[PDB]
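First up is the structure itself, then whatever we jot down about it.
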Ligand SMILES: CCCCCCCCCCCCCCC(=O)OC[C@H](COP(=O)(O)OCCN)OC(=O)CCCCCCCCCCCCCC
Ligand SMILES: CCCCCCCCCCCCCCCC(=O)OC[C@H](COP(=O)(O)OCCN)OC(=O)CCCCCCCCCCCCC
Ligand code: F3S
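Residue numbers (the numbering used here), protein chains in the order written: chain A, 118 to 261; chain B, 119 to 155; chain C, 137 to 533; chain D, 209 to 657.
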């Protein structure tokens, strides 16, 4: 409805509000560029990244369809099944996404590292996006 | 103290009409809002 | 007069039981004696500070209830320097008198050397940050200053109303008590909020609350109102309560008991829903320590027997106009305020519901008995119910 | 002194209060005409601001992504908080048996209702999809969804709706016997039916007055905890939030005190002209304004105590975020509002301790005006400054209001003053009954001495 309270309380301020009609409602070429698996937002609603949930939902439906086609009744989803777009396009591979309950996944092996940390731990949010601390390798001549 | 309509012959069927109003109107909202889709 | 002597004797016997079991608790383990004395002094200080503040509130807001219990409020306010003399064992407790009297650590974590000293073994930086504010000299200076203002306020108001029995009173001396109570109400509010800070909220220096003190305000006022209604029932046959007091001030005081019960549960729910809904981990350990290890059932019994039954019973006219059942309600209120201050203070050093020693009952009953004995000695030294007063006619309606 | 001046009979109460309504509409005073014309102009400014709010969206306001609640929520808290002191005279003084409420409670209830109508538009107006405001209300839908009910705006919707309805109910029962008098003196035949169905044929009587005092005392007993809770919940939409300047445990009693403080300022600013221009000097004495300044002084000290509690929370805590809160309030880019807050709501209230300052009418009016402005500044310091600088310094940005925030504020002033001017035209502004009862109680005190 657009209360924007949800902006004020998220301690990382990652939510974004459609204050005006930002979405291109008129230019047909810009209407062709919109991906139809995501809603194009109207004025007055919130926005934040959804763990790129069109890809999660599509891989979920794919896993469940292939599970019921085999008949396993399991629905096991692969670790490489979901690559979010801002993971798929990072050239350095810093962003790593996947299932964390499954210990075999890359993201759960990354989160088991000792320099993994969540942003603003004192607010008891328990983030699912965590950070590896920047471990530098300086030399003996400019720091020591 | 008692109300001034306590000893009136209208106090039986009017207060029966408030509950017959309730079980008509509220049950109509029940039918429309729960059983009408 | 004679029932006052009866309740004074009962308070003296309670104080004797308290000092006997408190000295036994020093004989077993003196740290338990000292923490129980912290609790006993806090729940003993609920009486005279609320008495002082309610005397000044009724001098600001001249009512028939206020004239009805002005002299009992003045007696309760008169006990304050004896409350300083009962404070100073605590001041020995957190000072350099430590390493004597068997204490393993001092009574407060800021009174600890190692938790606040720079370069020490502990160096806990939350407690070491507040070391100018929370140091033994600063806290003793602050508490003694608050004692000075409270004793000056109380003894000046009591001496002026003692001068009111002669003359210069229908416009003089009541404007003086009005101005003094008007400045002092703000003084009393800030000083007893800071007192509640230094005594209770600094026991765990990792946590703070800004509604603390106001929580202690409502606790002190509601203990005071129930105490006032409790011994108003004893002095019914004083012949002067029968000459000038009717059941309309009784209804007023029961009304104020009801209002302070709902104001206190509003304060406690405000703190609870603020800390609970905004789940930030510097405010949350207070309620983690207070719903764990058996303290949760004390919290629910506090919600069910100090709010819901006292609210629901006090909606009616009888149990407010009648005085006997109002006294039974007030006794239940006083006991429930004891249980609440147990929930407020004892999780900071007990950690279990089943760890509550016999000293945690010895110190509240004993120090309340000392409070009641000094109170009932102070009522008897003056005529109760000031007969010559410009606010007298509200008793006659 | 005395709350009622002598020389007054029941005929004189009904003549002086009753004839300010039921005047011929073409015989209406020209000062009223000028004030209502100004209020009509500012209500058109309201309608223009609301029109451009609906068409373009909420982005015409100066809100950005850190400050999601800018000047709109500030005016909401200010306008809702004005109603506390009006309900205080309406209900709390009725409970405490206070003799000064007898001439004020009509005006107090009226401006409570009008400040509620001015405030209650802001939860609808600040949405940016305001046509879905009913989604916050639990209503039967085909979706099967519900409001979250643990949000404090979900508490706000119930809170403002219940508060609006109870204050309207208290106004209507407080108005029924004055409707009965105004029906009995109207002298135009059609207006007698209009005030007649308004009075419902009240028939001022024992076994009707018993239920009158009984229901009015009891409704005061219902509305007295209610306005405290409704302004506690207006506090709680910051106090449950995890922002450092908003998660403060003192906030519900401190917002309650700030509400009574700002509302008493507004009752001052809008009843000194009602006392002077309309000749109600006997009904609203100087002791009335003395005791009202005293109650405003009480709430101002509790508010200054709340500022001290904020300073103590920021200094006592070892957290970086509370300390940077106090720094950015004291020396930040928006620190002007905090300095004007300690000049306004703290320095200027210490004059009210002295009786001659309280009895001086121009000083009392101007100090009440500083109370209202600095109260608004307190809401600014609580909301906007704490939303400016947050946990992550990348999410730090300044808040600057646009012309449309001020346009909506002035327009809500117009809606308030317009509704107030229709109130002081068609209806009486002092309780005619309960002043006759106050006249009875005053002469009975003069009898029994
Ligand atoms: C929103 C503001 C906060 C509300 C807090 C609740 C207030 C109390 C509600 C009940 C009102 C008083 C109960 C009955 C009573 O005792 O009043 C009687 C008396 C006047 O009646 P007489 O018969 O004597 O007639 C005299 C005139 N003819 O009322 C008073 O004198 C006023 C008492 C002062 C009220 C003190 C309670 C306020 C609590 C402090 C709140 C501040 C917050 C603290 C941080
Ligand atoms: C243990 C004590 C309890 C804690 C108390 C601390 C808080 C103190 C608040 C109580 C003070 C009440 C207001 C006093 C100031 C005042 O002037 O009011 C009294 C007036 C004067 O009466 P008159 O007619 O002039 O004297 C008659 C002479 N025969 O009258 C009133 O009673 C009005 C009372 C107003 C009560 C509401 C305002 C106080 C609370 C609001 C703040 C709430 C914050 C959460
Ligand atoms: S608080 Fe909720 S109402 Fe919308 S702007 Fe946020 S999702």
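Here a beta-carbon is modelled for each residue, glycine too, at the ideal position from N, C-alpha and C.
Check your understanding: Comparing the C-beta of residue 151 of chain B with each C-beta of chain D, is any distance below 8 Å?
Key -> What you label residue 151 of chain B is simply residue 33 of the second chain in a count that begins at 1. Yes, because at least one Cβ of chain D sits closer than 8 Å to the Cβ of residue 151 of chain B.
Practice prompt. Could you name the residues of the segment 216-242 of chain A whose beta carbon sits closer than 7 Å to any beta carbon of chain C, in the order they occur along the chain?
Written response: So the close ones are 239, 240 and 241.
| request: Please check the pair residue 457 of chain D and residue 411 of chain C, which I expect to be a contact at CB under 8 Å, by giving their CB distance rounded to whole angstroms. | output: Within the fourth chain, numbered from 1, the residue matching residue 457 of chain D stands at position 249. Within the third chain, numbered from 1, the residue matching residue 411 of chain C stands at position 275. The C-beta distance from residue 457 of chain D to residue 411 of chain C rounds to 7 Å, short enough to fall under 8 Å.
query = Taking a cut-off of 6 Å, which residues have a beta-carbon closer than that to any heavy atom of ligand 3, in chain order?
reply = The answer, residue by residue, is A:118, A:119, A:120, A:121, A:122, A:123 and A:163.
Proximal chain C residues relative to residue 521 of chain D, where beta-carbon distance stays under 7 Å
Stepping through the fourth chain from its first residue, residue 521 of chain D is reached at position 313. Those are 344 and 346, listed as they occur along chain C.
Quick one: is residue 326 of chain D buried, meaning 16 or more other Cβ sit within 10 Å of its Cβ, or exposed?
Locating residue 326 of chain D in the fourth chain gives position 118, counting from the first residue. With 16 or more other Cβ atoms within 10 Å, it is buried.
Cβ-Cβ distance between residue 478 of chain C and residue 176 of chain C below 8 Å: As a position in the third chain, residue 478 of chain C is number 342, starting the count at 1. As a position in the third chain, residue 176 of chain C is number 40, starting the count at 1. The criterion of a C-beta distance shorter than 8 Å is not satisfied by residue 478 of chain C and residue 176 of chain C.
Within 8 Å of any Cβ in chain D, is that where the Cβ of residue 534 of chain C sits? In the structure as shown, chain C starts at 137 and stops at 533, and residue 534 of chain C therefore has no counterpart that could be examined.
Checklist entry - Going by alpha carbons, who is nearest to residue 554 of chain D out of D:351, D:583 and D:503? => result Taking the first residue of the fourth chain as 1, we reach residue 554 of chain D at position 346. Residue 554 of chain D has its Cα closest to that of D:583, out of D:351, D:583 and D:503.
**Message:** Check whether the segment 141-159 of chain A and the segment 284-299 of chain D touch, using three or more Cβ-Cβ pairs below 8 Å as the test.
**Reply:** No, they do not touch.
Alpha-carbon to alpha-carbon, residue 547 of chain D and residue 423 of chain D: One-based indexing of the fourth chain puts residue 423 of chain D at position 215. One-based indexing of the fourth chain puts residue 547 of chain D at position 339. The straight-line gap from Cα to Cα measures roughly 46 Å.
Handout entry: Cutoff 8 Å: residue 599 of chain D Cβ touching any chain A Cβ
Key = As a first step, residue 599 of chain D is located in the fourth chain; it is residue number 391 there, counting from the start. Look at residue 599 of chain D: its C-beta is under 8 Å from a C-beta on chain A.
Exercise for the section: Tell me, please, whether the segment 425-441 of chain D touches the segment 127-140 of chain B by the rule of three or more beta-carbon pairs shorter than 8 Å. Expected result: Segments in contact, no.
At least 3 beta-carbon pairs within less than 8 Å: the segment 326-342 of chain D vs the segment 612-628 of chain D: Short answer: they touch.
With DSSP collapsed to three states, give me the class of residue 170 of chain C. Your numbering for residue 170 of chain C matches position 34 in the third chain. In the three-state reduction of the DSSP assignment, residue 170 of chain C falls in the helix class, which pools H, G and I.
*Would you mind reading off the limits of the alpha helix (DSSP H) that contains residue 563 of chain D?*
Here residue 563 of chain D refers to the residue found at position 355 of the fourth chain. DSSP places residue 563 of chain D inside the alpha helix (DSSP H), whose first and last residues are 563-567.
Margin query: Looking at chain A, is there any beta carbon in it that lies within less than 8 Å of the beta carbon of residue 450 of chain D?
Written below: For the purposes of this step, residue 450 of chain D is identified with residue 242 of the fourth chain, where counting begins at 1. Chain A places a beta carbon closer than 8 Å to that of residue 450 of chain D, counting this residue as a contact.
(message) Taking the alpha-carbon of residue 455 of chain C as reference, which of C:511, C:395, C:387 and C:272 has the nearest alpha-carbon?
(response) On the third chain, position 319 is the one that residue 455 of chain C refers to. Of C:511, C:395, C:387 and C:272, the residue nearest in Cα terms is C:387.
Handout entry: Closest Cα partner of residue 161 of chain C within the set C:151, C:152 and C:172
Key = Mapped onto the third chain, residue 161 of chain C falls at position 25. Just measuring C-alpha positions, the residue of C:151, C:152 and C:172 sitting nearest residue 161 of chain C is C:172.
- Query: residue 266 of chain C touches chain D at which residues, Cβ-Cβ below 9 Å?
  - Reply: As a first step, residue 266 of chain C must be located in the third chain, where it is residue number 130. Residues of chain D whose Cβ lies closer than 9 Å to the Cβ of residue 266 of chain C are, in chain order, 523, 524, 525 and 526.
- Message: Taking the straight line between their C-alpha atoms, what separation do you get for residue 448 of chain C and residue 347 of chain C?
- Response: The count along the third chain starts at 1 and reaches residue 448 of chain C at position 312. The count along the third chain starts at 1 and reaches residue 347 of chain C at position 211. Cα to Cα, the separation comes out at about 26 Å.
- Item | Chain-ordered neighbours of residue 611 of chain D on chain A, where CB pairs are closer than 8 Å | Working through the fourth chain from its first residue, we reach residue 611 of chain D at position 403. Simply none; closest approach about 16 Å.
Going by beta carbon distance, what residues of the same chain come within less than 7 Å of residue 317 of chain D, once the five residues before and after it are set aside?
Translated into positions along the fourth chain, residue 317 of chain D becomes position 109. In chain order, 294, 298, 375, 378, 379 and 382 place their CB closer than 7 Å to the CB of residue 317 of chain D, counting only its own chain and leaving out the 5 sequence neighbours on each side.
Inter-residue spacing [alpha-carbon to alpha-carbon] between residue 249 of chain A and residue 597 of chain D:
For the purposes of this step, residue 249 of chain A is identified with residue 132 of the first chain, where counting begins at 1. For the purposes of this step, residue 597 of chain D is identified with residue 389 of the fourth chain, where counting begins at 1. Each residue's alpha carbon lies about 26 Å from the other.
| message | Cβ closer than 9 Å: which chain A residues qualify as neighbours of residue 425 of chain D? | response | In the fourth chain, the residue the question calls residue 425 of chain D occupies position 217. Within chain A, no residue comes near residue 425 of chain D; the closest Cβ sits about 38 Å away, beyond 9 Å.
Q.
Please report whether the beta-carbon of residue 128 of chain A lies at a distance below 8 Å from any beta-carbon of chain D.
A. Mapped onto the first chain, residue 128 of chain A falls at position 11. Using a Cβ-Cβ cut-off of 8 Å, residue 128 of chain A counts as an interface residue toward chain D, since at least one Cβ of chain D sits closer than that to its own.
* Chain-ordered chain A contacts of residue 274 of chain D [CB-CB under 7 Å] -> The residue you call residue 274 of chain D lines up with position 66 of the fourth chain. What residue 274 of chain D touches in chain A: 130.
Requested in this report: Name, going along the chain, the residues of the segment 401-416 of chain D whose beta-carbon falls closer than 8 Å to a beta-carbon of chain B.
Outcome: For the segment 401-416 of chain D, the beta-carbon criterion of a distance under 8 Å to any beta-carbon of chain B is satisfied by 415.
Of the residues that make up the segment 368-382 of chain D, which ones have a beta carbon closer than 7 Å to any beta carbon in chain A?
Residues passing the 7 Å Cβ filter: none.
- Query: Can at least three beta-carbon pairs, one atom from the segment 384-401 of chain C and one from the segment 229-239 of chain C, be found at a separation below 8 Å?
  - Reply: In short, these stretches do not touch, since the Cβ pair count stays below three.
Check your understanding: Can you pull the DSSP bridge partners for residue 596 of chain D?
Key -> As a working mapping, residue 596 of chain D is identified with position 388 in the fourth chain. Under DSSP, residue 596 of chain D takes part in no beta bridge, so it has no partner.
- Does residue 583 of chain D have its Cβ less than 8 Å from a Cβ in chain C? Here the question's residue 583 of chain D lines up with position 375 in the fourth chain. No, residue 583 of chain D lies away from the interface with chain C (no Cβ there is under 8 Å from its Cβ).
So, with DSSP's three-state summary, where would you put residue 172 of chain A? Translated into positions along the first chain, residue 172 of chain A becomes position 55. Residue 172 of chain A: helix per DSSP, three-state reduction.
Taking CB distances under 8 Å as the criterion, tell me whether residue 260 of chain C reaches chain A.
Along the third chain, read from residue 1 onward, the residue named residue 260 of chain C stands at position 124. By this cut-off, residue 260 of chain C is not an interface position.
**Asked** Regarding residue 117 of chain C and ligand 2, is the C-beta to nearest heavy atom distance less than 7 Å?
**Response** One cannot answer for residue 117 of chain C here, as it falls past the ends of chain C, which runs 137 to 533.
- Task: Quick one: grab the DSSP three-state call for residue 233 of chain A.
- Result: For this step, residue 233 of chain A is matched to residue 116 along the first chain. It is a strand residue.
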